[PDB]
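Below you'll find only one chain, the form deposited without the DNA, shown as structure tokens.
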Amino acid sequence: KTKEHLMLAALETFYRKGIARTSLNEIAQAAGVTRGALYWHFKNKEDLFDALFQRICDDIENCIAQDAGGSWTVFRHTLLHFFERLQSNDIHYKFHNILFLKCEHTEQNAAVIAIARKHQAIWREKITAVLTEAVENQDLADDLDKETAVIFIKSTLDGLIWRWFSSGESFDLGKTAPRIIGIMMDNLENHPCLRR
């Protein structure tokens, strides 16, 4: 509860001031913990961020058993569960808020950004594996262009998150995300321009 208390203080501070303008010492103030104890648990600020990203991912994967007839069906559930969690889980809300809006791509953030890309590369391969299992079960056609489909998926879903935050949550994500996900899946299943 010491290591956790520090990450939530990192998250709360990142959300307030942004990643670049946040210091390993002002995180200590929020957590109310000596810097040597902080250094005990994490080397530097990228570490706090890497742990926040890992917690987000753990939460998604831990629920996948509870989301799970067939794996392409599980994907649908996991996508829908993701967007509900954005609304109702304050940790996932703030973290994605930070990732899309509070993490500017300047040299000051270079190390944090490389951490983001490590986790996104893991997610990119998660998608490929799901597409691959789905072709094998014949939920997707055998000539599905998997490299293109992966860009299409990340593009479609990133766009909805970006739009939602940028608008200031000015539309109902609970009604809109299922429409968007519905259209996307239909396109992966049926549209010719995602075939090789």
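Think of the rigid core as the biggest set of C-alphas that the two forms share within 1.5 Å after superposition. All residue numbers refer to positions in the sequence shown, first residue = 1.
Not on display, but discussed next: the form solved in complex with the DNA.
- Here is the short version: of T34, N137, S167, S155, the single residue with a heavy atom within 4.5 Å of the DNA in the bound PDB entry is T34.
- From the list 123-131, 57-65, 26-34, 140-148, the contact stretch for the DNA in the bound PDB entry under a 4.5 Å heavy atom rule is 26-34.
- Taking the partner from elsewhere, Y39 is found to have a heavy atom lying within 4.5 Å of the DNA in the bound PDB entry.
- The DNA is not drawn, but in the bound PDB entry it has no heavy atom within 4.5 Å of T13.
- Not displayed here, the DNA is kept clear of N190 by more than 4.5 Å at the level of heavy atoms in the bound PDB entry.
- For the stretch 70-87, the set of residues having any non-hydrogen atom within 4.5 angstroms of the DNA in the bound PDB entry is empty.
- Lining up the core between this form and the one not shown shows that one residue from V130, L144, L160, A28 moves its Cα 2 Å or more, and that residue is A28.
- Relative to the superposed rigid core, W40 undergoes a CA displacement of at least 2 Å between this form and the one not shown.
- Taking 2 Å as the criterion, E107 counts as shifted between this form and the one not shown: its C-alpha moves by at least this amount when the rigid core is aligned.
- Once both forms are fitted on their core, the CA shift for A177 between this form and the one not shown remains under 2 Å.
- By 3 Å or more, the C-alpha separation between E104 and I60 shrinks in the bound PDB entry relative to the form shown here.
- Inter-residue distance, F82 to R55 (Cα): increased by at least 3 Å in the bound PDB entry versus the depicted form.
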